[PDB]
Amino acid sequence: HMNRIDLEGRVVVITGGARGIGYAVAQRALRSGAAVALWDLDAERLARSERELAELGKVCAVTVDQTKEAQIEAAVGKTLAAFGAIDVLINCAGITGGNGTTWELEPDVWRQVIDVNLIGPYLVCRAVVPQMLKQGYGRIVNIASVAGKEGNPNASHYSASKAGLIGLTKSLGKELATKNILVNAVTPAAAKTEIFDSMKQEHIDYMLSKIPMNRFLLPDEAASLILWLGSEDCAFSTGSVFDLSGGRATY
């Protein structure tokens, strides 16, 4: 009994599309009638995901490091050559940077998390917004985290980067509010994906204990809301934050 999201005729770019939440978003988008451009850093995994997802619809895989402007420019070009538009942008491709106190983390890792998780979505938005303006239509969905609302201990870099991504979402949504391009963020709690391998077990336990629903988020459940925000039904919500924390968040 899933809702039938209407993405017919639309083109959806998904960063981080090779695995995890991004891959589940790709599956649901293809089942909703979209063409999907799957953007990811991991060229080998991306090839396997492309061939799996092609069974569901039109897919174009693009290898891109979303911290590098020149690679993003080439990715926009390849996407437009395949499909002719970018109607929907899902920024999904973050890293955790491991766990440690603010003063014990390595500064190069702190900077890397800010680069991948905050600078990256900024650079992708900078490249894609002019195309959405050209179209007179777009939807942008930034995948943040409940950590960006809350400031998790032992995850200061991750939390600051996702809090910053929420701030970017609020500014960009207000800049585009009269231009038919709506821009929102989602705040998931932990979902059991491969990103768990980059964290300490005690941090995973901590994240679970704070969830009133008493289980982790499933990627398919995340995709339901993410693609709602990528659809025309999302019509009067912009610069806003939509929660996926299983009852945890208090705002």
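Heads up: residue numbers just count along the shown sequence, starting at 1.
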Original post:
So which stretch wins on mean C-alpha B-factor, 90 to 98 or 177 to 185?
Top reply: 90 to 98
Original post:
On average, are the C-alpha B-factors higher in 61 to 69 or in 219 to 227?
Top reply: 61 to 69
Original post:
Highest Cα B-factor in the PDB entry belongs to which of 110, 103, 83, 122?
Top reply: 83
**OP:** Among 54, 37, 34, 213, single out the one with the highest C-alpha B factor in the record, please.
**Re:** 54
Subject >> B-factor third for the C-alpha atom of residue 22 within its chain >> reply: middle
**OP:** Pull the Cα B-factor of residue 16 out of the PDB entry and bin it into the chain's lowest, middle or highest third.
**Re:** middle
Original post:
Is the Cα B-factor recorded for residue 166 in the lowest, middle or highest third of its chain?
Top reply: lowest
**OP:** Consider only the C-alpha atoms of the modelled residues in this chain, order them by B-factor as the entry records it, and name the third containing residue 74: lowest, middle or highest.
**Re:** highest
